[PDB]
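Asks: Once you've had a glance at the structure underneath, I'll fire off some questions.
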Amino acid sequence: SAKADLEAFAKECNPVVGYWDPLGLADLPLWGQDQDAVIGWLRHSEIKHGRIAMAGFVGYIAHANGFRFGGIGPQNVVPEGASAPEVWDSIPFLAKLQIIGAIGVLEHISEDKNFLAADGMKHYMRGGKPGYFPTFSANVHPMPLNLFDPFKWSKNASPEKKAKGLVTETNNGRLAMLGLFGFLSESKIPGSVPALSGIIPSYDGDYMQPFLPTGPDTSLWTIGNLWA
Amino acid sequence: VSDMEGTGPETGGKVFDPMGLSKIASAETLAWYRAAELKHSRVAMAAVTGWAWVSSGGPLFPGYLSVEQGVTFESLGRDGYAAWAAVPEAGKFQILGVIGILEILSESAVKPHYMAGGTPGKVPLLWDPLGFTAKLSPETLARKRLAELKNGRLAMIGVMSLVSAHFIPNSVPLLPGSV
Amino acid sequence: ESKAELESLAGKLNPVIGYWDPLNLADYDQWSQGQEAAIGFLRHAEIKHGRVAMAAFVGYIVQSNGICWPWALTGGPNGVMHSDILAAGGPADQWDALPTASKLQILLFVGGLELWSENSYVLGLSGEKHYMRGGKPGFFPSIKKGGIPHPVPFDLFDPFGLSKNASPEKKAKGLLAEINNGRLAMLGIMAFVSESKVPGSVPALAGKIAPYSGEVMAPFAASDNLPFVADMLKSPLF
Amino acid sequence: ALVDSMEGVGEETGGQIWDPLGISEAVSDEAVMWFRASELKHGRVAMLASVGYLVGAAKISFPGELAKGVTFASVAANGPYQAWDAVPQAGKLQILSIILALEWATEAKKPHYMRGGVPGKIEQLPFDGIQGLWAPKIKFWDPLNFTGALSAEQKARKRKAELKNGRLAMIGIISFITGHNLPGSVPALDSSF
Ligand SMILES: CC(=O)O[C@H]1CC(C)(C)C(=C=C/C(C)=C/C=C/C(C)=C/C=C/C=C(C)/C=C/C=C(\C)C(=O)C[C@@]23O[C@]2(C)C[C@@H](O)CC3(C)C)[C@](C)(O)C1
Ligand code: KC2
Ligand code: KC2
Ligand code: KC2
Ligand code: KC2
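Protein chains in written order, with the deposited numbering: chain p, 27 to 254; chain O, 32 to 210; chain q, 31 to 268; chain W, 32 to 224.
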């Protein structure tokens, strides 16, 4: 049973706590689908939120402390000394659009029957591995590298090691979620995360509106900027 | 009446009916009593939650209520009675009329009627459109129905405390004199 | 335990009295989990109050005699020295003059210990069960054996293993001494605090305990800028 | 009884016929066929009118001209109610003439609905079979044959949905007109319509 698998997985994550479902979301029949499909969805959501949260945490350290590439790019418009909330606000509107669009294309590839079936896998709600990003073996142009393990460093890893890696993924993702939203919360409700008091600056604006402020409308292309 | 649900440890496993209104109640009368209790409980739960949200300071509805006539959700104010006085008569009539249509649908559409041998409080449309309480077993569903009854009885006392604080000022403690 | 075993332990703690439950709180069924569960909870409450009270008695004696640590409490160019916490006043005033982070982290460390004790999986992993389920009434499990990710140097009880290889008779005698010492130490610490708040309440200690103005049963003082703290402290009480 | 063998029965009135006044019980079966045919015609006309009236209320109109002097926006300017009056006369006559052709061709089918045919099943090609008359065989309902993809049970469920939506639109369009006539009679309609 999917709930029995999630039971065991929770024990692996933390045997002291074990399963902690005060809301019974695994039991709730979301979309009318069965418990297996609902648990698949919930595990995929957990792993994805965690993944993006850890990426966001490292991005917070990179941007707010100052870590930029060199050359012509969206980097050249963000003011120097700008905090992590303002770097996203300062990159161009097209940069925001194309970042979100590339992320959307990656997720479309993730949930597409095409790539998942080419890899001999199924959707996470229909008897598949929750949180598995397929190789780009069904993309039309043969794609050089895959998203997960692009250099294939884990081609020969034990199934036990991979299971333990997924267990580490879930916990680290949850913790990174907590830390990243700690960074967010300290800027809008001061004195909410005691340790971050004085470190994270305050920000006025809506975080959860992606395109506000719309940002500069500069044209950074140089060699062949006919579209301006 | 002893086999009608709603009893709990708060009464001591026994029915709370000191005046003996259950003695003079038949099966139909008892079904009517339970149906009225369920309806009043649900109404009071919604009323208390709405009044607490509006008066407490929660983020109320953005935008206008009436573009023409210039009535705004913010402009209506946080006092519940003043808000229901300042909302347009068209809006009041509309709320009441939709509630009336739903009441008449609950009465007629549920063909096995709660008075004529049916389940009291079985308004068919207005329950669980997303199917949350679909896979619950009968035991937990009975537990949750008892939860509905208890919570709503408390809610009825709460809303009457609210209107008592508004009408008879300084009546209930933990309700500022205005409302 | 049971009432018979509780009576036997009372006899071993003071053979002259034996069982002394004028309120019959052992028969008072609270939590609705049986007399065994109730007696287990009461025994744990006695043992834990005793442990905290003897610890706080020694802490009160040490802090009230100007024996602050040499190192600092806060860090920075303007950090509250432990000497400044001493100079804040009497020991209760020292606690109230602590930084808010110091107070929060002290009480949350204690809370972590408490939930660690209350969890049944860690208790079972260390042996014995919850004190309301037949386990030893007062017994802190092993922070090592619980399986925390990083290897901790020492457990909370007996970090250096000095009571290790103790005779079982010595263990029972030691638990009896723990309960009795805690019983007296609760009166000791509450007598210190009562002399601090109400002068002359404990006649023996006269002028030997510093005064104190704020409520002692109030971990956060006016300096603690947290939600609702100032509103709570607005209205005082005897 | 023919009233016991139709799709219009819906759970909204229980699993039972909604004849409060016994109108269907006080008539013969032929009148029941006429009733079903007229009910479905009324429902369909009503939903056409309801969506059209909403479109007029929103001031939505085509880009162009309804005549050589009037603009679609111009004739829609006053509102949905006066829009029909402001329409040019020849256009009204043309709409009425094409509706006349439709309701004559559909009537002139010999299986009919009163005399041994399915009530509400308008013949999909009204103008076919007419001698010395030619039509381009654009079948009146499902000109592009959506319902062919459905199974029998699917289209039965959708016939039930048709009856429900037609009755709801019967209420709705008259709600629009009555709200325009008596202000505040239907409070959901703003002064725009
Ligand atoms: C000393 C003194 O005088 O004090 C004063 C002050 C004080 C205490 C404030 C007073 C008061 C008023 C009080 C206390 C009022 C209490 C009001 C109360 C108790 C109000 C309940 C609302 C419940 C709702 C809306 C629930 C909806 C719930 C819903 C929609 C569901 O159940 C749905 C669902 O769960 C199911 C069924 C299945 C699950 O799968 C999960 C889901 C989500 C799908 C008094 C009386 O004045 C006295
Ligand atoms: C920014 C995002 C991101 C972060 C921050 C992150 C961090 C960690 C950490 C560190 C805490 C560990 C230890 C870990 C471990 C594993 N990751 Mg993970 N990972 C991210 C992204 C992806 C994607 C896209 C995939 C993926 C996978 C796996 C598998 C499965 C191997 C297998 O069974 O073949 C294992 C063991 C693949 C998969 O199938 O996951 C179900 C897959 O497609 N990861 N991952
Ligand atoms: C109850 C026991 C206890 C435990 C188990 C514990 C564990 C950890 C851990 C590991 C899990 C870390 C990583 C950590 C880190 C810091 N602790 Mg901390 N700590 C405890 C107690 C106190 C007290 C009383 C104070 C304090 C402080 C600081 C400061 C900042 C100093 C500064 O202000 O420069 C830092 C960086 C002081 C303070 O001001 O905290 C804001 C302060 O007074 N801690 N502490
Ligand atoms: C403030 C803290 C504190 C103080 C000041 C304190 C003082 C005394 C005194 C002095 C008056 C004696 C004589 C005494 C004796 C014993 N204590 Mg003890 N104790 C404290 C804390 C704990 C904790 C957390 C545990 C514990 C235990 C034992 C055992 C083990 C017996 C065994 O191994 O069966 C024995 C013999 C452990 C246990 O298992 O007790 C059932 C255990 O978990 N103690 N303890
Ligand atoms: C569904 C109903 C319908 C059908 C089936 C239909 C068919 C045809 C055919 C093919 C058989 C031709 C050849 C034709 C031609 C013209 N139609 Mg006509 N028409 C319909 C409806 C309306 C409406 C509502 C209006 C209208 C009009 C015009 C004008 C504009 C003249 C002008 O510029 O003044 C011209 C020339 C407008 C009008 O009468 O304007 C005075 C106007 O409002 N029609 N119409």
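Even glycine gets a Cβ: it sits at the ideal position worked out from N, Cα and C.
Around ligand 4, what residues have a beta-carbon under 7 Å from a heavy atom of it, in chain order?
Replies: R81(q), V82(q), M84(q), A85(q), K166(q), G168(q), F169(q), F170(q), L186(q), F187(q), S193(q), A196(q), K200(q), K201(q), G204(q), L205(q), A207(q), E208(q) and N211(q)
Asks: Give me the Cα-Cα distance between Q135(q) and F207(p), rounded to the nearest whole angstrom.
Replies: Counted from its first residue, the third sequence places residue 135(q) at position 105. Counted from its first residue, the first sequence places residue 207(p) at position 181. Looking at the two C-alpha atoms, the distance is approximately 21 Å.
Asks: Return yes when at least one heavy atom of ligand 1 lies under 7 Å from the C-beta of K175(O), else no.
Replies: As a working note, residue 175(O) is residue 144 in the second sequence. Flag set: Cβ of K175(O) near ligand 1.
Asks: Quick check: the Cα distance between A121(p) and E112(p), rounded to an integer number of angstroms?
Replies: By 1-based counting over the first sequence, the position of residue 121(p) is 95. By 1-based counting over the first sequence, the position of residue 112(p) is 86. So the two alpha carbons sit approximately 14 Å from each other.
Asks: Can you determine whether any heavy atom of ligand 1 sits closer than 7 Å to the C-beta of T80(O), and answer yes or no?
Replies: Taking the second sequence and counting its residues from 1, the one referred to as residue 80(O) is at position 49. Yes; taking the cut-off as 7 Å, the Cβ of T80(O) has a heavy atom of ligand 1 nearer than that.
Asks: Please confirm whether any heavy atom of ligand 5 lies closer than 7 Å to the CB of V118(W).
Replies: If you number the fourth sequence from 1, residue 118(W) lands on position 87. Within the cutoff, so yes.
Asks: Please report the residue range of the alpha helix (DSSP H) in which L96(O) lies.
Replies: Counted from its first residue, the second sequence places residue 96(O) at position 65. Here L96(O) belongs to no alpha helix (DSSP H); instead the beta strand (DSSP E) covers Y95 to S97.
Asks: DSSP has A102(q) in a bridge; who is on the other side?
Replies: Working through the third sequence from its first residue, we reach residue 102(q) at position 72. In the DSSP output, where bridge partners are listed per residue, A102(q) has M111(q).
Asks: Compute the distance between the beta-carbons of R73(q) and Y161(q), then report whether it is under 8 Å.
Replies: Reading the third sequence from its first residue, position 43 is the one you call residue 73(q). Reading the third sequence from its first residue, position 131 is the one you call residue 161(q). Closer than 8 Å, so yes.
Asks: In the structure shown, what three-state DSSP assignment does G45(W) receive?
Replies: Here the question's residue 45(W) lines up with position 14 in the fourth sequence. Residue state, collapsed to three classes: strand.
Asks: Going by beta-carbon coordinates alone, are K142(O) and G46(W) separated by less than 8 Å?
Replies: Locating residue 142(O) in the second sequence gives position 111, where the first residue counts as 1. Locating residue 46(W) in the fourth sequence gives position 15, where the first residue counts as 1. In contact: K142(O) and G46(W) (Cβ atoms closer than 8 Å).
Asks: Taking CB distances under 8 Å as the criterion, tell me whether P242(p) reaches chain O.
Replies: To locate residue 242(p), count along the first sequence from 1; it is residue 216. No, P242(p) lies away from the interface with chain O (no Cβ there is under 8 Å from its Cβ).
Asks: Three or more C-beta pairs under 8 Å: does that hold for the region 87-103 of chain q against the region 214-222 of chain q?
Replies: Taking 8 Å as the limit for Cβ pairs, the verdict is that the region 214-222 of chain q does touch the region 87-103 of chain q.
Asks: Between which two residues does the alpha helix (DSSP H) containing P218(W) stretch?
Replies: By 1-based counting over the fourth sequence, the position of residue 218(W) is 187. No alpha helix (DSSP H) holds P218(W); DSSP gives it neither H nor E.
Asks: I'd like to know if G205(p) contacts chain q, where contact means its C-beta is closer than 8 Å to some C-beta of that chain.
Replies: Walking along the first sequence from the start, residue 205(p) turns up at place 179. With its beta carbon at least 8 Å from every one in chain q, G205(p) lies outside the interface.
Asks: For ligand 2, list every residue whose C-beta falls under 6 Å from any of its heavy atoms, going in chain order.
Replies: Those residues placing their Cβ nearer than 6 Å to any heavy atom of ligand 2 are, following chain order, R77(p), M80(p), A81(p), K155(p), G157(p), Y158(p), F159(p), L173(p), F174(p), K188(p), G191(p), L192(p), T194(p), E195(p) and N198(p).
Asks: So which residues on chain W does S137(O) lean against when the C-beta distance must stay under 8 Å?
Replies: What you label residue 137(O) is simply residue 106 of the second sequence in a count that begins at 1. None at all; the shortest Cβ gap to chain W is about 11 Å.
Asks: Around the Cβ of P160(O), are there at least 16 other Cβ atoms within 10 angstroms (buried) or fewer (exposed)?
Replies: Taking the second sequence and counting its residues from 1, one reaches residue 160(O) at position 129. Flag for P160(O) reads exposed.
Asks: With 8 Å as the threshold, decide whether the Cβ of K166(O) is near any Cβ in chain p.
Replies: Here residue 166(O) refers to the residue found at position 135 when the second sequence is read from its first residue. Chain p, which has a Cβ nearer than 8 Å to the Cβ of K166(O), makes this yes.
Asks: Counting only beta-carbon separations shorter than 8 Å, does residue 257(p) have a partner in chain q?
Replies: Given that chain p is displayed from residue 27 to residue 254, the structure contains no residue 257(p) and the question cannot be resolved.
Asks: Can you have a look at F237(p) and say buried or exposed, based on whether 16 or more other CB atoms are within 10 angstroms of its CB?
Replies: Translated into positions along the first sequence, residue 237(p) becomes position 211. It is exposed - the Cβ of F237(p) has fewer than 16 other Cβ atoms within 10 Å.
Asks: Could you give the residue range of the alpha helix (DSSP H) that holds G50(p)?
Replies: Sequence index remark: in the first sequence, residue 50(p) carries index 24 (1-based). Membership of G50(p) in any alpha helix (DSSP H) is not indicated, and neither H nor E is assigned to it by DSSP.
Asks: Starting from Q125(W), follow the alpha helix (DSSP H) in both directions and report where the run begins and ends.
Replies: Locating residue 125(W) in the fourth sequence gives position 94, counting from the first residue. Unbroken alpha helix (DSSP H) run through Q125(W): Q120 to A136.
Asks: So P239(p) and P118(p) are in contact, right, with Cβ under 8 Å, and what is the actual spacing, rounded?
Replies: Looking up residue 239(p) in the first sequence gives position 213. Looking up residue 118(p) in the first sequence gives position 92. With 8 Å as the limit, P239(p) and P118(p) do not qualify as a contact, their Cβ atoms being about 11 Å apart.
Asks: Would you check if the region 69-83 of chain W and the region 190-202 of chain W touch, i.e. whether three or more CB-CB distances between them fall below 8 Å?
Replies: yes
Asks: Residues of chain O with CB under 8 Å from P167(W), in chain order?
Replies: Within the fourth sequence, the letter at position 136 stands for residue 167(W). In chain order: nothing, as chain O lies at least about 45 Å away.
Asks: Name the chain q residues that come within less than 8 Å of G217(p), Cβ to Cβ?
Replies: For the purposes of this step, residue 217(p) is identified with residue 191 of the first sequence, where counting begins at 1. Ordered by position in chain q, the residues that pass the 8 Å Cβ test against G217(p) are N255 and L256.
Asks: Looking at the strands, I want to know which residues DSSP matches up with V102(O).
Replies: As a working note, residue 102(O) is residue 71 in the second sequence. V102(O) pairs with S97(O).
Asks: Run the proximity test for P204(O): is its beta-carbon closer than 7 Å to any non-hydrogen atom belonging to ligand 1?
Replies: Translated into the one-based positions of the second sequence, residue 204(O) becomes position 173. At least one heavy atom of ligand 1 is nearer than 7 Å to the Cβ of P204(O), so yes.
Asks: Measuring only from the beta carbon, is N182(O) closer than 7 Å to any heavy atom that is part of ligand 1?
Replies: As a working note, residue 182(O) is residue 151 in the second sequence. Yes, the beta carbon of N182(O) sits closer than 7 Å to at least one heavy atom of ligand 1.
Asks: Does the region 115-131 of chain O come close enough to the region 95-104 of chain O to have 3 or more Cβ pairs within less than 8 Å?
Replies: yes
Asks: If distances are taken between C-alpha atoms only, which option among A144(p), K214(p), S109(p) and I98(p) comes closest to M234(p)?
Replies: The count along the first sequence starts at 1 and reaches residue 234(p) at position 208. Here the closest residue by C-alpha is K214(p).
Asks: Residues of the region 198-220 of chain W in Cβ contact with chain O at a cutoff of 9 Å, in chain order, please.
Replies: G215, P218 and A219
Asks: Note down, in chain order, every chain q residue with its Cβ under 7 Å from the Cβ of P41(p).
Replies: Position 15 of the first sequence holds residue 41(p). Those within 7 Å of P41(p) in chain q are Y151 and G177.
Asks: Between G162(O) and chain p, is the shortest Cβ-Cβ distance under 8 Å, so that the two count as touching?
Replies: Here residue 162(O) refers to the residue found at position 131 of the second sequence. With 8 Å as the cut-off, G162(O) counts as an interface residue toward chain p.
Asks: Give a yes or no on whether the minimum CB-CB distance between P220(p) and chain q is below 8 Å.
Replies: The residue given as residue 220(p) occupies position 194 in the first sequence. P220(p) counts as touching chain q.
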